[PDB]
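Asks: Pasting a structure here, questions to come.
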Amino acid sequence: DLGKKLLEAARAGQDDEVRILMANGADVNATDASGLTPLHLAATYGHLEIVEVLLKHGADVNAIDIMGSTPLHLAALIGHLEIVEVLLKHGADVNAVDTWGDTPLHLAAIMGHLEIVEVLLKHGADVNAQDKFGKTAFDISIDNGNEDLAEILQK
Amino acid sequence: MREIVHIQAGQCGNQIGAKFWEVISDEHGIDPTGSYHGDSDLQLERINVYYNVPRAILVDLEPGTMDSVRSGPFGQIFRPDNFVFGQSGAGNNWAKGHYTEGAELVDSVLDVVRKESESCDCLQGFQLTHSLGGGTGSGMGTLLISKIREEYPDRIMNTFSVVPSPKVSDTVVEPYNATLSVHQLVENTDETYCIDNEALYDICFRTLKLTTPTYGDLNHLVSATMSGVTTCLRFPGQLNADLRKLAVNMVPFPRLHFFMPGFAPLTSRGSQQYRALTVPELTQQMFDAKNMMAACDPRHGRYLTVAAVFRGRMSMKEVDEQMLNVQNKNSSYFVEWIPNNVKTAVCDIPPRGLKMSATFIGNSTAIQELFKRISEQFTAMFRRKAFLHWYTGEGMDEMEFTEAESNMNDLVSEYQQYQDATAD
Amino acid sequence: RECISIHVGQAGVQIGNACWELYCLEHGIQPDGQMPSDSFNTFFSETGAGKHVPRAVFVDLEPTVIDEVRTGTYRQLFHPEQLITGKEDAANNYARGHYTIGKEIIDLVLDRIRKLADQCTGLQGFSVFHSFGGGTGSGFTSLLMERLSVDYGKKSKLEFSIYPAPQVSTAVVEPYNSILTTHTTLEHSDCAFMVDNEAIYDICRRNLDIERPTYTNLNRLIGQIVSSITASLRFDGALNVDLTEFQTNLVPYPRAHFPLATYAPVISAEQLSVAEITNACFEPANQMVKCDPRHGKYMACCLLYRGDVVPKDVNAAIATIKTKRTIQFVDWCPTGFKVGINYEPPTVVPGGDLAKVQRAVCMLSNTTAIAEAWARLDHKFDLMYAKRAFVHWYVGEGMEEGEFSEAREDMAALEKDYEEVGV
Ligand SMILES: Nc1nc2c(ncn2[C@@H]2O[C@H](COP(=O)(O)OP(=O)(O)OP(=O)(O)O)[C@@H](O)[C@H]2O)c(=O)[nH]1
Ligand SMILES: Nc1nc2c(ncn2[C@@H]2O[C@H](COP(=O)(O)OP(=O)(O)O)[C@@H](O)[C@H]2O)c(=O)[nH]1
Ligand SMILES: [Mg+2]
Ligand SMILES: [Mg+2]
């Protein structure tokens with residue numbers, strides 16, 4: 001399966017061998033087992049050139065997986081500021097929700113990616129968005145002792 | 001699936017048997033010395049089926065038959081070892097052929113059968129010619145069949161059995177012998193061509209206008225039918241190629257494997273056929289009950305399966321049209337619950353004498369008429385218990401007759417059941 | 001890269017000859033194996049002496065057909081260990097092909113496949129050629145497919161089945177054999193292209209202008225359409241470049257994996273436009289399986305053009321048919337027509353009744369109307385099994401009678417599976 005080799009590459013980060021596999025017509029939106037496209041995997045492990053290659057060949061920027069995770073979720077979780085702005089520029093879902101009720105703003109706030117938090121907010125993030133337990137991004141800064149984040153959330 | 005071993009047993013067995021070898025030796029271009037003087041490759045393409053010299057074994061308790069064969073035209077070609085003959089005759093006693101005298105010799109026969117099969121690349125099966133009203137052809141033949149069936153159970157058993165009729169011999173024990181023999185064939189053979197002397201006489205008498213038919217006259221009709229039905233086996237061809245494939249497409253129920261053969265056109269002994277028939281004419285010799293080698297009316301029953309063999313140069317397009325025609329224009333006579341049950345095949349080499357010919361092998365439920373005749377004659381004889389001391393003296397039990405009587409009647413009922421069956 | 005072809009029964013073997021004859025002309029390979037001239041080595045291997053050998057196995061339970069291969073025009077092309085023959089055939093009996101006779105040679109056959117797979121580095125899967133009504137074609141194939149799903153389970157397997165037709169039918173029991181193999185080979189096949197011998201007969205009588213076609217006539221026509229499907233694998237095209245892509249594009253349901261193939265143009269040897277040939281792909285007369293797609297819903301649709309084709313002409317002909325005909329799709333489909341092109345011209349055989357055409361197209365479409373073909377087999381099957389006709393032959397060769405019913409239920413369930421998708 002050529003859609004499975006393109007996931008192997010986009011994950012481990014062999015920039016050159018993506019172009020090889022894609023020139024062989026590999027499925028840009030090929031799902032693995034839990035529904036993760038190559039754009040998901042590259043946006044998780046920080047391979048910026050592989051993200052922009054897949055997006056311009058037609059990668060579902062707002063593709064979800066078995067747990068409702070968009071690539072912007074995973075980029076905002078791990079903290080890849082370079083990739084976050086690339087996805088948003090390609091029409092990413094700034095207020096996407098996943099199976100646990102989190103938005104990308106929730107994940108960037110939990111992991112302390114203050115520089116990414118400000119990017120999401122300026123792209124119209126839902127500051128008052130709630131999760132399953134009922135907590136906003138502002139509640140996380142209150143609960144987690146981060147006053148640098150509380151100030152960045154009320155800006 | 002290549003070689004076929006042939007056997008002939010009893011007087012009739014060796015008569016129509018030798019006649020068969022005369023016919024197909026010519027058709028394949030073999031002389032009585034055993035040398036090829038033909039002029040075509042389609043002839044030696046599948047000569048390995050019946051020849052090596054014929055792969056033929058000659059059997060009879062009557063030792064005289066030995067010379068009646070060797071003093072015949074192609075009598076020189078048969079292997080001397082393959083002659084296996086007894087001292088005395090059976091004298092129309094099925095028990096003598098099946099239990100006493102025929103049993104003592106049957107071992108010697110199996111020894112030669114083994115020898116011929118031993119040197120076969122890939123055996124297909126066996127082929128027996130014999131009469132059913134006799135003592136040797138019926139009693140020892142059916143005993144030979146069972147003895148081979150158990151020594152060669154992975155092979156086909158194909159018999160050319162001729163039915164007795166009062167019109168050819170006034171011996172009244174023939175209903176006994178034939179009934180006992182039918183009780184064997186329904187259990188022991190994969191396919192059996194039913195040659196009815198009743199029908200051979202009625203054809204030589206009424207259609208060929210011969211006031212007194214001889215054996216030779218009836219034997220001419222037989223040998224010509226045999227080469228016709230064995231045309232597929234002896235020449236290259238797609239359909240019904242080997243013995244097993246034939247039986248697979250002809251016999252839907254194991255006990256109902258008694259074919260009603262018939263072929264066209266009906267010629268006399270060495271007469272001249274002025275105008276070669278047309279394809280629609282040949283085709284209209286199927287339902288024509290005056291062409292059936294068994295004395296049965298296809299109109300009175302239904303066809304389960306049909307195999308047609310057209311020999312000669314003719315239009316494959318026209319044959320297909322005429323066969324597809326005659327099927328649906330008589331759609332009530334072919335069973336509906338077996339789709340595409342009629343199968344046609346063509347062979348470019350015609351039979352010698354005729355420009356075109358057509359043989360019509362059919363599993364018709366009308367064949368129950370034939371078994372009715374034998375059973376009524378058997379029962380009339382058996383209810384008065386005539387000539388039973390012959391058979392019982394040779395070790396047979398009176399019960400056997402009742403079982404064969406009942407077993408043949410069950411065979412008749414089965415044919416009647418599928419005749420009245422419906423697809424709905 | 002590589003792909004192994006297997007040919008079972010006279011149908012498989014004799015269609016194989018027609019295809020490898022046509023493959024060697026398309027690749028300029030000589031009958032002796034040489035080449036005065038990669039993408040094509042998906043199908044062929046190479047000797048140290050510059051000789052190109054097919055990656056193929058031929059199987060028949062009886063010599064005659066394969067004997068003509070090793071004494072024919074292409075006797076030097078195959079290694080003698082690739083051509084395998086038994087002695088006793090299956091006699092139009094699935095049981096003998098599968099149980100009695102097939103078990104005597106299955107191990108030798110699987111062993112000779114390993115020798116070709118050991119020569120290969122990144123083996124893709126298997127192409128399988130066989131009849132339906134044949135005893136060998138039905139029984140032995142279904143057995144071999146079971147064992148290949150073990151010894152090579154993690155790879156693809158594609159079928160090329162010969163759907164039976166009374167006009168060339170050799171057996172009464174061909175409905176039985178078809179149902180029986182389709183039951184046991186359903187789980188083990190990823191995709192399967194049916195070929196109705198009636199359509200190939202109809203086509204040869206109308207467009208090739210032949211009164212009574214022979215097997216060579218039908219096989220040559222078949223080999224052309226098979227070549228059109230495998231062209232993407234042999235020349236490195238854009239569409240369907242490997243065996244997985246066939247399932248991706250054409251199979252949105254593991255069970256319903258039976259595409260309808262339509263091929264145009266079929267020109268007698270005694271030029272058309274891109275638009276004209278694409279309209280003929282939606283004409284039932286040029287289908288390989290006799291049915292009416294207008295009575296069914298499309299699950300997918302690919303177009304494989306080859307020859308003098310301008311990519312813009314294709315898009316016009318697509319828009320024409322997408323606007324001027326009403327091709328109904330299912331709602332859960334991309335409903336967009338996939339396309340691929342290979343600029344090499346369709347090769348014909350020197351002497352063939354088929355003429356060299358400038359361009360050609362082969363439309364592969366998984367329509368639900370192909371269920372009509374299954375309905376015709378099931379009906380014939382039902383009539384004979386209602387009286388248990390011919391069943392004793394099968395039961396007497398190692399087969400349980402229940403297997404008949406278990407197969408029929410799997411065919412009835414498949415007819416419901418086609419219905420529910422198209423409503
Ligand atoms: N299109 C096409 N069909 C064929 C060809 N050969 C046989 N068939 C069809 O296949 C069906 C079964 O015949 P075979 O394939 O020869 O049977 P087999 O596979 O050799 O099996 P056995 O002979 O019983 O051992 C028949 O209905 C034929 O119409 C062929 O060369 N081309
Ligand atoms: N068609 C035909 N039937 C025969 C011939 N000879 C005998 N019969 C029939 O066979 C029966 C007699 O059996 P027969 O073969 O002579 O006895 P056997 O020598 O013990 O086998 C009678 O019904 C005869 O009509 C023959 O040459 N041709
Ligand atoms: Mg005698
Ligand atoms: Mg065969």
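Chain labels run A, B, ... following the order of the structure tokens; each chain numbers its residues from 1, and ligands are numbered from 1 in the order shown.
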Which residues are near ligand 4 - at most 10 Å, using only C-alpha atoms and all ligand atoms? Format: as a list in words.

Replies: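 Checked against 10 Å with only C-alpha atoms and all ligand atoms; the hits are residues 1, 238, 241, 242 and 245 of chain B; 8, 9, 10, 11, 13, 60, 61, 62, 63, 64, 65, 66, 88, 89, 90, 91, 92, 134, 135, 136 and 137 of chain C.
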
Asks: Take the selection from the previous step and output its residues with N, CA and C atoms, as a tab-separated table (two decimals), in the first residue's frame.

Replies:
```tsv
chain	number	residue	atom	x	y	z
B	1	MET	N	-6.80	-38.60	-18.63
B	1	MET	CA	-7.93	-39.27	-19.27
B	1	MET	C	-7.62	-39.56	-20.73
B	238	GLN	N	-14.09	-30.22	-28.30
B	238	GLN	CA	-14.22	-29.52	-27.03
B	238	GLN	C	-15.22	-30.21	-26.10
B	241	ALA	N	-15.69	-34.65	-24.18
B	241	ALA	CA	-14.43	-35.17	-24.70
B	241	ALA	C	-14.12	-36.55	-24.15
B	242	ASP	N	-14.14	-36.71	-22.84
B	242	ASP	CA	-13.78	-37.97	-22.20
B	242	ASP	C	-15.00	-38.60	-21.53
B	245	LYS	N	-16.48	-36.69	-18.30
B	245	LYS	CA	-17.18	-35.45	-18.63
B	245	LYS	C	-18.53	-35.73	-19.27
C	8	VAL	N	-5.15	-21.24	-14.49
C	8	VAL	CA	-5.76	-22.47	-13.99
C	8	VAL	C	-6.83	-22.90	-14.98
C	9	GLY	N	-6.83	-24.18	-15.33
C	9	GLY	CA	-7.76	-24.71	-16.31
C	9	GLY	C	-7.48	-24.26	-17.73
C	10	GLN	N	-8.10	-24.94	-18.70
C	10	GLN	CA	-7.92	-24.59	-20.11
C	10	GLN	C	-8.19	-23.11	-20.36
C	11	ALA	N	-9.26	-22.58	-19.76
C	11	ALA	CA	-9.58	-21.16	-19.93
C	11	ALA	C	-8.42	-20.28	-19.51
C	13	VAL	N	-5.26	-21.06	-19.00
C	13	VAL	CA	-4.04	-21.33	-19.77
C	13	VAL	C	-4.14	-20.74	-21.17
C	60	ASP	N	-2.95	-27.03	-15.08
C	60	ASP	CA	-4.08	-27.76	-15.63
C	60	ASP	C	-3.96	-29.19	-15.14
C	61	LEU	N	-5.10	-29.80	-14.80
C	61	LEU	CA	-5.07	-31.15	-14.26
C	61	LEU	C	-5.01	-32.20	-15.36
C	62	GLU	N	-4.45	-31.83	-16.51
C	62	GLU	CA	-4.49	-32.64	-17.72
C	62	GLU	C	-3.59	-32.00	-18.77
C	63	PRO	N	-2.73	-32.79	-19.43
C	63	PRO	CA	-1.64	-32.19	-20.23
C	63	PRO	C	-2.06	-31.41	-21.46
C	64	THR	N	-3.01	-31.93	-22.25
C	64	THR	CA	-3.22	-31.50	-23.64
C	64	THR	C	-3.05	-30.00	-23.88
C	65	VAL	N	-3.66	-29.17	-23.03
C	65	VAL	CA	-3.65	-27.73	-23.29
C	65	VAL	C	-2.26	-27.15	-23.07
C	66	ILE	N	-1.62	-27.50	-21.96
C	66	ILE	CA	-0.29	-26.97	-21.66
C	66	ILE	C	0.79	-27.64	-22.51
C	88	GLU	N	-5.21	-36.89	-14.72
C	88	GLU	CA	-6.67	-36.97	-14.68
C	88	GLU	C	-7.25	-35.58	-14.44
C	89	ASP	N	-8.12	-35.15	-15.35
C	89	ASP	CA	-8.77	-33.85	-15.23
C	89	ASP	C	-9.88	-33.89	-14.17
C	90	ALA	N	-10.48	-32.73	-13.93
C	90	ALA	CA	-11.54	-32.61	-12.94
C	90	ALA	C	-12.91	-32.98	-13.48
C	91	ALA	N	-13.06	-33.09	-14.80
C	91	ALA	CA	-14.31	-33.50	-15.44
C	91	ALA	C	-15.49	-32.61	-15.02
C	92	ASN	N	-15.31	-31.30	-15.20
C	92	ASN	CA	-16.37	-30.32	-14.95
C	92	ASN	C	-16.97	-30.48	-13.56
C	134	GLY	N	-15.66	-24.68	-15.48
C	134	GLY	CA	-14.71	-25.77	-15.46
C	134	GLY	C	-14.56	-26.38	-14.08
C	135	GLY	N	-14.27	-27.68	-14.05
C	135	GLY	CA	-13.99	-28.33	-12.78
C	135	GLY	C	-12.67	-27.87	-12.19
C	136	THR	N	-11.62	-27.88	-13.00
C	136	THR	CA	-10.33	-27.32	-12.58
C	136	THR	C	-10.46	-25.84	-12.27
C	137	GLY	N	-11.04	-25.07	-13.20
C	137	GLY	CA	-11.16	-23.64	-13.01
C	137	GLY	C	-11.89	-23.25	-11.74
```

Asks: Per residue of chain B within 10 Å of ligand 3, what are the shortest atom pair and its distance in Å to one decimal, counting only C-alpha atoms and all ligand atoms, with rows by chain and residue number, as JSON lines?

Replies:
```
{"residue": "B:9", "atom": "CA", "partner": "ligand 3", "partner_atom_place_in_ligand_line": "1 (Mg)", "distance": 8.3}
{"residue": "B:10", "atom": "CA", "partner": "ligand 3", "partner_atom_place_in_ligand_line": "1 (Mg)", "distance": 4.9}
{"residue": "B:11", "atom": "CA", "partner": "ligand 3", "partner_atom_place_in_ligand_line": "1 (Mg)", "distance": 4.6}
{"residue": "B:12", "atom": "CA", "partner": "ligand 3", "partner_atom_place_in_ligand_line": "1 (Mg)", "distance": 8.1}
{"residue": "B:13", "atom": "CA", "partner": "ligand 3", "partner_atom_place_in_ligand_line": "1 (Mg)", "distance": 9.1}
{"residue": "B:14", "atom": "CA", "partner": "ligand 3", "partner_atom_place_in_ligand_line": "1 (Mg)", "distance": 9.4}
{"residue": "B:59", "atom": "CA", "partner": "ligand 3", "partner_atom_place_in_ligand_line": "1 (Mg)", "distance": 9.2}
{"residue": "B:60", "atom": "CA", "partner": "ligand 3", "partner_atom_place_in_ligand_line": "1 (Mg)", "distance": 5.7}
{"residue": "B:61", "atom": "CA", "partner": "ligand 3", "partner_atom_place_in_ligand_line": "1 (Mg)", "distance": 5.8}
{"residue": "B:62", "atom": "CA", "partner": "ligand 3", "partner_atom_place_in_ligand_line": "1 (Mg)", "distance": 4.2}
{"residue": "B:63", "atom": "CA", "partner": "ligand 3", "partner_atom_place_in_ligand_line": "1 (Mg)", "distance": 7.7}
{"residue": "B:64", "atom": "CA", "partner": "ligand 3", "partner_atom_place_in_ligand_line": "1 (Mg)", "distance": 7.9}
{"residue": "B:65", "atom": "CA", "partner": "ligand 3", "partner_atom_place_in_ligand_line": "1 (Mg)", "distance": 6.9}
{"residue": "B:85", "atom": "CA", "partner": "ligand 3", "partner_atom_place_in_ligand_line": "1 (Mg)", "distance": 9.7}
{"residue": "B:86", "atom": "CA", "partner": "ligand 3", "partner_atom_place_in_ligand_line": "1 (Mg)", "distance": 9.6}
{"residue": "B:88", "atom": "CA", "partner": "ligand 3", "partner_atom_place_in_ligand_line": "1 (Mg)", "distance": 8.7}
{"residue": "B:89", "atom": "CA", "partner": "ligand 3", "partner_atom_place_in_ligand_line": "1 (Mg)", "distance": 5.7}
{"residue": "B:90", "atom": "CA", "partner": "ligand 3", "partner_atom_place_in_ligand_line": "1 (Mg)", "distance": 6.8}
{"residue": "B:91", "atom": "CA", "partner": "ligand 3", "partner_atom_place_in_ligand_line": "1 (Mg)", "distance": 7.4}
{"residue": "B:92", "atom": "CA", "partner": "ligand 3", "partner_atom_place_in_ligand_line": "1 (Mg)", "distance": 8.5}
{"residue": "B:134", "atom": "CA", "partner": "ligand 3", "partner_atom_place_in_ligand_line": "1 (Mg)", "distance": 8.0}
{"residue": "B:135", "atom": "CA", "partner": "ligand 3", "partner_atom_place_in_ligand_line": "1 (Mg)", "distance": 7.8}
{"residue": "B:136", "atom": "CA", "partner": "ligand 3", "partner_atom_place_in_ligand_line": "1 (Mg)", "distance": 6.2}
{"residue": "B:137", "atom": "CA", "partner": "ligand 3", "partner_atom_place_in_ligand_line": "1 (Mg)", "distance": 7.8}
```

Asks: So that I have them on file, write out the residues from the current selection with N, CA, C and O atoms, as a CSV table (one decimal), in the first residue's frame.

Replies:
```csv
chain,number,residue,atom,x,y,z
B,9,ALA,N,-17.9,-59.9,-24.6
B,9,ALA,CA,-18.2,-61.1,-23.9
B,9,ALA,C,-19.5,-61.7,-24.5
B,9,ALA,O,-20.5,-61.0,-24.8
B,10,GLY,N,-19.5,-63.0,-24.6
B,10,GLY,CA,-20.7,-63.7,-25.2
B,10,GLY,C,-20.7,-63.6,-26.7
B,10,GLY,O,-19.9,-62.9,-27.3
B,11,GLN,N,-21.6,-64.4,-27.3
B,11,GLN,CA,-21.7,-64.4,-28.7
B,11,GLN,C,-22.0,-63.0,-29.3
B,11,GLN,O,-21.2,-62.5,-30.0
B,12,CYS,N,-23.1,-62.4,-28.9
B,12,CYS,CA,-23.4,-61.0,-29.3
B,12,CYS,C,-22.3,-60.1,-29.0
B,12,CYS,O,-21.9,-59.2,-29.8
B,13,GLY,N,-21.7,-60.2,-27.8
B,13,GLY,CA,-20.6,-59.3,-27.4
B,13,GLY,C,-19.5,-59.3,-28.5
B,13,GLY,O,-19.1,-58.2,-28.9
B,14,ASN,N,-19.0,-60.5,-28.9
B,14,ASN,CA,-18.0,-60.5,-29.9
B,14,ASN,C,-18.5,-60.2,-31.3
B,14,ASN,O,-17.7,-59.8,-32.1
B,59,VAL,N,-13.8,-62.5,-24.9
B,59,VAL,CA,-14.2,-63.4,-23.9
B,59,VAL,C,-15.5,-64.1,-24.3
B,59,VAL,O,-16.4,-63.5,-25.0
B,60,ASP,N,-15.6,-65.4,-24.0
B,60,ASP,CA,-16.8,-66.2,-24.2
B,60,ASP,C,-16.5,-67.6,-23.5
B,60,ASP,O,-15.4,-68.1,-23.6
B,61,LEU,N,-17.5,-68.2,-22.9
B,61,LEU,CA,-17.4,-69.6,-22.5
B,61,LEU,C,-17.4,-70.5,-23.7
B,61,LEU,O,-16.8,-71.5,-23.7
B,62,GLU,N,-18.2,-70.1,-24.7
B,62,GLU,CA,-18.3,-70.9,-25.9
B,62,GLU,C,-17.0,-70.8,-26.7
B,62,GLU,O,-16.6,-69.7,-27.2
B,63,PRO,N,-16.2,-71.8,-26.8
B,63,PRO,CA,-14.9,-71.7,-27.4
B,63,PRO,C,-15.0,-71.5,-29.0
B,63,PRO,O,-14.0,-71.0,-29.6
B,64,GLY,N,-16.1,-71.9,-29.6
B,64,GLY,CA,-16.2,-71.7,-31.0
B,64,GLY,C,-16.1,-70.3,-31.4
B,64,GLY,O,-15.6,-70.0,-32.5
B,65,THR,N,-16.6,-69.3,-30.6
B,65,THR,CA,-16.6,-67.9,-30.9
B,65,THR,C,-15.2,-67.4,-31.2
B,65,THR,O,-15.0,-66.5,-32.1
B,85,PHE,N,-11.1,-67.9,-23.3
B,85,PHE,CA,-12.3,-68.7,-23.6
B,85,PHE,C,-12.4,-69.9,-22.8
B,85,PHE,O,-11.4,-70.6,-22.5
B,86,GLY,N,-13.6,-70.3,-22.4
B,86,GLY,CA,-13.9,-71.5,-21.6
B,86,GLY,C,-14.1,-72.7,-22.5
B,86,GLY,O,-14.0,-72.7,-23.7
B,88,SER,N,-16.9,-75.2,-22.0
B,88,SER,CA,-18.3,-75.4,-22.3
B,88,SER,C,-19.0,-74.0,-22.4
B,88,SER,O,-18.4,-73.0,-22.1
B,89,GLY,N,-20.3,-74.1,-22.8
B,89,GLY,CA,-21.0,-72.9,-22.9
B,89,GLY,C,-22.0,-72.7,-21.7
B,89,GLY,O,-22.2,-73.6,-20.9
B,90,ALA,N,-22.6,-71.5,-21.5
B,90,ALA,CA,-23.4,-71.2,-20.4
B,90,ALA,C,-24.9,-71.7,-20.7
B,90,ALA,O,-25.6,-72.0,-19.7
B,91,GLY,N,-25.3,-71.7,-22.0
B,91,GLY,CA,-26.6,-72.1,-22.3
B,91,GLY,C,-27.7,-71.3,-21.7
B,91,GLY,O,-28.6,-71.8,-21.1
B,92,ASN,N,-27.7,-70.0,-22.0
B,92,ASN,CA,-28.7,-69.0,-21.6
B,92,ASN,C,-29.0,-69.0,-20.1
B,92,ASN,O,-30.1,-68.6,-19.7
B,134,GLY,N,-28.7,-63.5,-22.9
B,134,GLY,CA,-27.8,-64.7,-22.9
B,134,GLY,C,-27.5,-65.1,-21.5
B,134,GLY,O,-28.0,-64.6,-20.5
B,135,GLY,N,-26.6,-66.1,-21.4
B,135,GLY,CA,-26.0,-66.6,-20.1
B,135,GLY,C,-24.6,-66.0,-19.9
B,135,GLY,O,-24.3,-65.7,-18.7
B,136,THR,N,-23.8,-66.0,-20.9
B,136,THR,CA,-22.4,-65.5,-20.8
B,136,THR,C,-22.3,-64.0,-20.8
B,136,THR,O,-21.7,-63.4,-19.9
B,137,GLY,N,-22.9,-63.4,-21.9
B,137,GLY,CA,-22.8,-62.0,-22.0
B,137,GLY,C,-23.4,-61.2,-20.8
B,137,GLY,O,-22.9,-60.2,-20.4
```

Asks: Any idea what's packed within 8 Å of residue 196 in chain C, counting only C-alpha atoms, ignoring anything in its chain fewer than 5 positions away? Could you give it as a ChimeraX atom specification?

Replies: /C:162-165,288-290

Asks: Residues of range 319-359 of chain C in helix (DSSP H, G or I) according to DSSP, as a PyMOL selection string?

Replies: chain C and resi 319-324

Asks: I need the contact residues of chain A against chain C, so if you could list those with any atom within 8 Å, counting only C-alpha atoms, and return them as a list in words, that would help.

Replies: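 The complete set of qualifying residues is residues 1, 2, 24 and 25 of chain A.
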
Asks: Please run DSSP on the backbone and report, as a PDB file with N, CA, C and O atoms, in the first residue's frame, all residues within range 209-300 of chain B that come out as strand (DSSP E).

Replies:
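For reference, result_11.pdb as written:
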```pdb
ATOM      1  N   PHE B 258     -29.471 -44.762 -18.078  1.00  0.00           N
ATOM      2  CA  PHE B 258     -29.743 -45.632 -19.220  1.00  0.00           C
ATOM      3  C   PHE B 258     -30.152 -44.758 -20.401  1.00  0.00           C
ATOM      4  O   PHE B 258     -31.276 -44.251 -20.456  1.00  0.00           O
ATOM      5  N   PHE B 259     -29.228 -44.593 -21.344  1.00  0.00           N
ATOM      6  CA  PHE B 259     -29.432 -43.694 -22.469  1.00  0.00           C
ATOM      7  C   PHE B 259     -30.207 -44.386 -23.579  1.00  0.00           C
ATOM      8  O   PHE B 259     -30.022 -45.578 -23.839  1.00  0.00           O
ATOM      9  N   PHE B 263     -29.746 -42.481 -34.187  1.00  0.00           N
ATOM     10  CA  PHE B 263     -28.887 -41.757 -35.109  1.00  0.00           C
ATOM     11  C   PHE B 263     -29.530 -41.754 -36.488  1.00  0.00           C
ATOM     12  O   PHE B 263     -30.522 -42.442 -36.738  1.00  0.00           O
ATOM     13  N   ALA B 264     -28.947 -40.964 -37.385  1.00  0.00           N
ATOM     14  CA  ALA B 264     -29.542 -40.692 -38.683  1.00  0.00           C
ATOM     15  C   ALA B 264     -28.441 -40.354 -39.673  1.00  0.00           C
ATOM     16  O   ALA B 264     -27.386 -39.846 -39.272  1.00  0.00           O
TER      17      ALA B 264
END
```

Asks: With distances taken over only C-alpha atoms and all ligand atoms, which of C:133, C:80, C:16, C:102 is nearest to ligand 1?

Replies: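 Smallest separation from ligand 1 among the options: C:133.
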
Asks: Name the residues in contact with residue 14 in chain A at a cut-off of 12 Å, using only C-alpha atoms, excluding same-chain residues fewer than 4 positions from it; report them as a ChimeraX atom specification.

Replies: /A:5-10,18-21,42,45-51

Asks: Restrict the selected residues to N, CA and C atoms and save them as a short mmCIF file (atom, residue, chain, number, x, y, z; two decimals), in the first residue's frame.

Replies:
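What follows is the written file selection34.cif:
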```cif
data_model
loop_
_atom_site.label_atom_id
_atom_site.label_comp_id
_atom_site.auth_asym_id
_atom_site.auth_seq_id
_atom_site.Cartn_x
_atom_site.Cartn_y
_atom_site.Cartn_z
N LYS A 5 3.07 3.82 3.11
CA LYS A 5 4.45 4.29 3.09
C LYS A 5 4.52 5.80 3.26
N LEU A 6 3.50 6.52 2.79
CA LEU A 6 3.49 7.98 2.93
C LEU A 6 3.24 8.40 4.37
N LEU A 7 2.55 7.56 5.15
CA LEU A 7 2.40 7.83 6.57
C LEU A 7 3.70 7.55 7.31
N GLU A 8 4.38 6.45 6.97
CA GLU A 8 5.68 6.15 7.56
C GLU A 8 6.66 7.29 7.36
N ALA A 9 6.69 7.87 6.16
CA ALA A 9 7.64 8.94 5.86
C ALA A 9 7.25 10.24 6.57
N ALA A 10 6.00 10.68 6.39
CA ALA A 10 5.56 11.94 6.98
C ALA A 10 5.74 11.96 8.49
N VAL A 18 9.06 11.70 0.76
CA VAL A 18 7.66 12.05 0.55
C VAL A 18 7.43 12.41 -0.91
N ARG A 19 8.30 13.25 -1.47
CA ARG A 19 8.20 13.61 -2.89
C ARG A 19 8.25 12.38 -3.78
N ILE A 20 9.08 11.39 -3.42
CA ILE A 20 9.14 10.14 -4.18
C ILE A 20 7.80 9.42 -4.12
N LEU A 21 7.26 9.23 -2.91
CA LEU A 21 6.03 8.48 -2.76
C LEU A 21 4.83 9.22 -3.34
N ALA A 42 2.79 14.65 10.46
CA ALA A 42 3.82 15.66 10.26
C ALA A 42 3.61 16.85 11.19
N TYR A 45 5.03 15.90 14.84
CA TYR A 45 6.46 15.76 15.06
C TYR A 45 7.27 16.88 14.43
N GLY A 46 6.62 17.96 14.00
CA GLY A 46 7.31 19.16 13.55
C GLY A 46 8.16 19.01 12.32
N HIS A 47 7.53 18.73 11.18
CA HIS A 47 8.21 18.63 9.89
C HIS A 47 7.56 19.63 8.95
N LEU A 48 8.01 20.89 9.04
CA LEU A 48 7.30 22.00 8.41
C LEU A 48 7.24 21.86 6.89
N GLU A 49 8.35 21.45 6.27
CA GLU A 49 8.35 21.31 4.82
C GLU A 49 7.41 20.21 4.35
N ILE A 50 7.22 19.17 5.17
CA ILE A 50 6.30 18.10 4.80
C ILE A 50 4.85 18.54 4.94
N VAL A 51 4.56 19.42 5.89
CA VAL A 51 3.20 19.95 6.04
C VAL A 51 2.82 20.77 4.82
#
```

Asks: Would you work out the distance separating atom 2 (C, counted along the ligand's line) of ligand 1 from CA of residue 166 in chain C, expressed in Å to one decimal?

Replies: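 Here the two named atoms are 12.4 Å from each other.
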
Asks: State, in Å with one decimal place, the distance from CA of residue 138 in chain B to CA of residue 178 in chain B.

Replies: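 We find that CA of residue 138 in chain B and CA of residue 178 in chain B lie 7.2 Å from each other.
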